[PDB]
Number of protein chains: 6
Amino acid sequence: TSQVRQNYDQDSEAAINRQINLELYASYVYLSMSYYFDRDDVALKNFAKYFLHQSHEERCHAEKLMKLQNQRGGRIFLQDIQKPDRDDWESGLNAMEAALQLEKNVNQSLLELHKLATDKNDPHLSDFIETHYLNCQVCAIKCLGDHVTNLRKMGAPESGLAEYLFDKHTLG
Amino acid sequence: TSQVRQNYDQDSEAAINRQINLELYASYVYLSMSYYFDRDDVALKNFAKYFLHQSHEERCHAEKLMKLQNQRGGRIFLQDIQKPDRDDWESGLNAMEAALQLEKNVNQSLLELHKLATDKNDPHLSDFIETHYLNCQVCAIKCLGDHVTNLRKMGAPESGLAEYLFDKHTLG
Amino acid sequence: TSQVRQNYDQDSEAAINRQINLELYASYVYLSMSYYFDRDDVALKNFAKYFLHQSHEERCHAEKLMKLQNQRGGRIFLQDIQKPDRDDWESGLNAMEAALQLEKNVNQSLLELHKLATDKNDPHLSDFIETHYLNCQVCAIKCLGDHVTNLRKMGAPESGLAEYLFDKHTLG
Amino acid sequence: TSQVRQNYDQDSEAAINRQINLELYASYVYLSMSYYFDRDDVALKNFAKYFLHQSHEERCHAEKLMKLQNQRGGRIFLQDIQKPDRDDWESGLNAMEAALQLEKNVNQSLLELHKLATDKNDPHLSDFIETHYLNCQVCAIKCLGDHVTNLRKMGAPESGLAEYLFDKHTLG
Amino acid sequence: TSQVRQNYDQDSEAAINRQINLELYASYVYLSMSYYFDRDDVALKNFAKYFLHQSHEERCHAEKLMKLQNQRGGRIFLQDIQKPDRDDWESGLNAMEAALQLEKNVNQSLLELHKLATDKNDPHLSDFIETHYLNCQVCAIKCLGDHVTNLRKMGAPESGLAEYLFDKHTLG
Amino acid sequence: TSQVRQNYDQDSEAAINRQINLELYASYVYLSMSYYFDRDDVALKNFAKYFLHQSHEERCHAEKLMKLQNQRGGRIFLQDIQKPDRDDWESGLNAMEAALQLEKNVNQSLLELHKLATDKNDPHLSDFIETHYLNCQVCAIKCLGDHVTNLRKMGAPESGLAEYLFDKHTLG
Ligand SMILES: [Au+]
Ligand SMILES: [Au+]
Ligand SMILES: [Au+]
Ligand SMILES: [Au+]
Ligand SMILES: [Au+]
Ligand SMILES: [Au+]
Ligand SMILES: [Au+]
Ligand SMILES: [Au+]
Ligand SMILES: [Au+]
Ligand SMILES: [Au+]
Ligand SMILES: [Au+]
Ligand SMILES: [Au+]
Ligand SMILES: [Au+]
Ligand SMILES: [Au+]
Ligand SMILES: [Au+]
Ligand SMILES: [Au+]
Ligand SMILES: [Au+]
Ligand SMILES: [Au+]
Ligand SMILES: [Au+]
Ligand SMILES: [Ca+2]
Ligand SMILES: [Ca+2]
Ligand SMILES: [Ca+2]
Ligand SMILES: [Ca+2]
Ligand SMILES: [Ca+2]
Ligand SMILES: [Ca+2]
Ligand SMILES: [Ca+2]
Ligand SMILES: [Ca+2]
């Protein structure tokens, strides 16, 4: 037992480990999407660039969760990082739609983690999530929601013109 | 025989001369395309400007090959520079498609030159190509590939709107 | 078949995919080591910081290989990213020793990739490796070799004083 | 017929095309001379550099004539660009003498073009030549004339000392 | 066996040692030439200065080869450094001619080293030579070639005026 | 006989030649030591760096002696430069001890040269040594003496910790 451990529940420790892997997967997903848009047959450079940043974000979000485990005397147990669902993501709209769902899945998971923190009576972990995850997940979700909304009304994905202009004007 | 000659094969010398002319032709082709887009009935100023730079590039690439012949004690033999295939290049998409093919033809030629350099056991010429040609030909090819990909999905060439917006947003 | 493909062998494409995953694994390994040294019972902040940079490096090295696949008309196929061997890395010396071996394994793999590139007669891929991987792998290996050499002669790992001072004076 | 055409005679259009090719040839000639002086057995770096600029000049002079065709609704028809007369230009004096003659030949041609412009009653083309060609051709000719005059009186071409010092003091 | 050794052939190690000594000898040769031109009966200060830099260059080129041995786990074995052929180098032309030959001898040796690297299948050593030696040896050789060409045509070495002016205008 | 010779004794000339070679040998020795500390199994970067400067110093000290020969109308006769005694220098302490001895040997030689200068009644050569050699040799010797003194009292060479810390704190 860590000399620094205090009010940290075995279950929390395991959940944090669980989340650390979830965040890393969401990083792999975005990285994958990114390089999809880098293909000579796809060629949206700002979509590519956008998702590459989303990738850095989720990865950074995970390392912060690794620091948190260490801070509270827990122990990091890493798991295999599961390849994403698809290799070809079809279109800009179809990836933004996949991203939204992903973000809502990671968000769901974070909310679970919050209830657990509360049930175990753990304020430090509860505010840590509130402050550093839940708030920035609502943002991400509205961002993607908006993009999906613009791309649709623009005639996507049946209109490579829509995706092209979007790429330029909104993701530029 | 040049006082500076060393490990330079007669065949290489001839191939370099062969390539020096190929690179100059690709310069004439681009120059031609450029001024095609400068016509009052075509009027894409950034397509024009783009191809004019491609022209300067291929020309510079050739003079570098002339310096290489001199460096290694070879002897430059210039040949007539053959007018290009067409005078009217139809559209932005249709020129970008012609450019891609040209780039792949010059690339083919450079690869030939590399095998020959290797067969004659000539490391200085082999890395010279690797470093100063082959690498920058892969780039050019993906660039053009991307442009062809964007123009198509944009509704080109049946849509002068596609070409116009492309000219502005991507070639600007 | 990609409009940009030229001289790219099916086998190479598959090997690049193979290497892209190897480089990502070496990133996960380092990330893991890093946060090992961030534990309250380990507490070497510069060892932690060092390995975190090694992690960013290998990851960057992989994304560059993903750009290469796209550049040459290949197709990126991602695989699961395998959790590392250990969770507890014992000591500074013992991780530096594990790192050296890892680096030599990735190096081995890169050399394999070079022979294959050559056999398929692929100069662009051959110099790409020479220039962007093999050279920087020799460096990394001597770096780690040196660290292992200093830590040993310092009385590590039986002497937490050695590791501590090293952390400060050499990794600071 | 171009929407912009006005007072432009079929004959003029053809002559401009004729001149566009003449100017490009004079560019190839100079480029050739340049790299002659870059040979290890010749080695006059400023003669080389001088003629390379003359090359850029004539090329620029031609592209300006291509813009002129487009401006007035004409149509550019490119022809093969004829390799120069010689491969070995003998000496500094002997190239400067060949250059003078070339310049006088291109000048002759421009004067022809001026009479034709006048006969067809075409003031815009007449001043275009006066302003952008004829004036700068008189200059070039006196420049070369002077060089030939200095090199001779210096003991050239029988005196590699003359050519060497000239290269340094006048072309430096 | 070095903890860092990988794909490094015994023969290569020995050749590198062989080259390390060759490069150092070429340094001694130049140093010798330099101070020849510093003699009150010779008195060409820029020839002296020129060869002193050539000396620093070859020496630096050797220490880089010593770093390479260490990098790859080889072992440096130094040999006696053989005094040069002559003490009196006669003239500027006659030293530049001796230098050219030396450069071509060292170049020959480097090429040998490249074939060996290739035969042993050693890409890291092969590009190391390509990048850091072969390329910069072609340059040096054309430089010297040019100097020999200028000095001859200037009336050297029968004309101390030629050597004097050269010293000033070209080596200054 | 040199037009500049005055009061310069045949014996002095020969001794200067003798010293020019001694100084160059001491340069080779240090260079050798330097790269000993660059080995992956040794790995003291500041010891390496230190001795590399000592190498530049002794070399510079020799070229100054070559200028002196020329200044006084003597004639430089170079001899083979003898490889050093050892290839493996064991430790930091053991090299610093070898360096001290070397410095005292070169110092001995310089003192011999001073007596000879005096006996031949040669004030210019006597002060040249006093000013540019003897004074800076006393310094070097106390420097090395001190290093040997610190390394010993630090527990060297039985304590790689001593050498490591020394390398950092004193040679850094
Ligand atoms: Au980012
Ligand atoms: Au909750
Ligand atoms: Au956040
Ligand atoms: Au340009
Ligand atoms: Au090849
Ligand atoms: Au290039
Ligand atoms: Au980093
Ligand atoms: Au290979
Ligand atoms: Au790298
Ligand atoms: Au110019
Ligand atoms: Au006229
Ligand atoms: Au002009
Ligand atoms: Au220098
Ligand atoms: Au070779
Ligand atoms: Au170099
Ligand atoms: Au002069
Ligand atoms: Au130094
Ligand atoms: Au004395
Ligand atoms: Au001194
Ligand atoms: Ca799976
Ligand atoms: Ca034709
Ligand atoms: Ca597993
Ligand atoms: Ca290479
Ligand atoms: Ca012809
Ligand atoms: Ca000898
Ligand atoms: Ca010996
Ligand atoms: Ca005194």
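Residue positions begin at 1 at the first shown residue.
If you check the header, you will see the structure was determined by X-ray crystallography, 2.8 Å.
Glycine residues also receive a Cβ, built from the backbone N, Cα and C atoms like all the rest.
Straight from Swiss-Prot, the features:
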- F:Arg18: site 'Essential for association with cargo receptor NCOA4' (SITE)
- F:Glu23, F:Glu58, F:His61: Fe cation 1 binding site (BINDING)
- F:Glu58, F:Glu103, F:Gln137: Fe cation 2 binding site (BINDING)
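Positions of Swiss-Prot features highlighted on the structure.
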residue  : record                                                     : Cβ within 10 Å
F:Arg18  : site 'Essential for association with cargo receptor NCOA4' : 14
F:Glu23  : Fe cation 1 binding site                                   : 22
F:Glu58  : Fe cation 1 binding site                                   : 23
F:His61  : Fe cation 1 binding site                                   : 22
F:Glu103 : Fe cation 2 binding site                                   : 22
F:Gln137 : Fe cation 2 binding site                                   : 19
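Between the CA atoms of F:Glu103 (Fe cation 2 binding site) and F:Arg18 (site 'Essential for association with cargo receptor NCOA4') there is a gap of 16 Å, rounded to the nearest whole number. A gap of 11 Å separates the Cα atoms of F:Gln137 (Fe cation 2 binding site) and F:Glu58 (Fe cation 1 binding site). In sequence order, F:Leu22, F:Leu24, F:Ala26, F:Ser27, F:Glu57, F:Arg59, F:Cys60, F:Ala62, F:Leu65, F:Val106 are the residues of the same chain, not among F:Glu23, F:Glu58, F:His61, whose CB sits within 8 A of the CB centroid for the Fe cation 1 site. Taking a Cβ distance under 6 Å to any atom of ligand 18 as the criterion, the recorded positions F:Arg18, F:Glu23, F:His61 reduce to none.
For F:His61 (Fe cation 1 binding site) paired with F:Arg18 (site 'Essential for association with cargo receptor NCOA4'), the C-alpha to C-alpha distance reads 13 Å. Across the structure, F:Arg18 (site 'Essential for association with cargo receptor NCOA4') and F:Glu58 (Fe cation 1 binding site) place their CA atoms 14 angstrom apart. Among the recorded positions listed (F:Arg18, F:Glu23, F:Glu58, F:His61, F:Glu103, F:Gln137), none has a CB atom closer than 6 Å to any atom of ligand 26. Each of F:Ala26, F:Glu57, F:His61, F:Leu102, F:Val106, F:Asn107, F:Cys136, F:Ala140, F:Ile141 belongs to the same chain as F:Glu58, F:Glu103, F:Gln137, is absent from that list, and has a C-beta within 8 angstroms of the C-beta centroid marking the Fe cation 2 site.
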